[PDB]
Amino acid sequence: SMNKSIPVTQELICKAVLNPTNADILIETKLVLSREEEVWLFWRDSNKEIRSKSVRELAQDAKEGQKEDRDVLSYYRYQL
C-alpha cells in the first residue's frame, strides 16, 4: 500500500510465489558465488535449458548491445 504492507495480501503473495519456487526457474535468477571470487547467476531459457553467466559479462554484453542480455538484466532488476 502507500509505503505500508497490510500483510493479509502480503502473506498470500508470499505463500503463492513460493509454489513456483518449487518449480523455481521461470527464468527466476539464483545467485551463487565463485568459491578468486565472482558472482554467477542461473536461469533457464524458453527451450528449458539452464544457462550461467557472470554479472560483469552481463554488464559488458549490455554495453555491447545484446537484446537477450537486456531482457535478463531487466527481469533481474524487477525481481529484486
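In terms of determination method and resolution, the entry is listed under cryo-EM at 3.26 Å.

This part is about the pattern of salt bridges. Overall, the coordinates contain four salt bridges when judged by the stated rule. Among the salt bridges present, the one from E68 reaches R51, with a minimum N-O distance of 3.8 Å. Of this pair, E68 sits in helix α4 (residues 67–79) while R51 is found in strand β3 (residues 50–54), placing the two residues 17 residues apart along the sequence. Using a relative accessible area of 37% as the deciding quantity, one classes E68 as partly exposed. On the basis of relative accessible area, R51 is assigned to the partly exposed category, the value being 31%. Put simply, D61 and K53 hold a salt bridge, and the shortest N to O gap is 2.7 Å. You can call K53 partly exposed: its relative accessible area is 21%.

Looking now at unusual backbone geometry. Phi angles above zero are rare outside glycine, and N3 is one such case at about 55°. The topology assignment puts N3 in the segment before α1 (7–17). The backbone phi angle of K48 is positive, close to 60°, even though this residue is not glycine. Inspection of the secondary structure puts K48 in the loop between β2 (39–44) and β3. Look at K48 and you get exposed, because its relative accessible area is 53%.

Our next topic: the sheet that holds strand β1 (residues 30–33). The antiparallel open sheet is built from three strands, whose spatial order is β1-β2-β3. Because the sheet does not close on itself, it has two edges, and the strands there are β1 and β3. Direction aside, neighbouring strands of the sheet carry axes that sit 30° apart on average. Across five bridges, the pairing between β2 and β3 is antiparallel. Across the sheet, the residue bridging to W43 is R51, located in β3. Along the sheet, helix α3 (residues 55–64) makes contact with β2 and β3, crossing β3 at roughly 85°.

Conventions we followed
Residues numbered from 1 in each chain as written, not as in the entry; some residues may be left out. Part of a larger assembly, values for the part shown. Heavy atoms only, no water. Salt bridge = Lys/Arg side-chain N within 4 Å of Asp/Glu carboxyl O. Helix = DSSP H or I, 4+ residues; strand = E, 2+ residues; numbered from the N terminus. Buried < 20%, exposed > 50% of the residue type's maximum accessible area, 1.4 Å probe, protein only. Pairing = 2+ DSSP bridges. Axes fitted to C-alpha atoms, helices over the stretch in contact; angles between N-to-C directions. Contact = heavy atoms within 4.5 Å.

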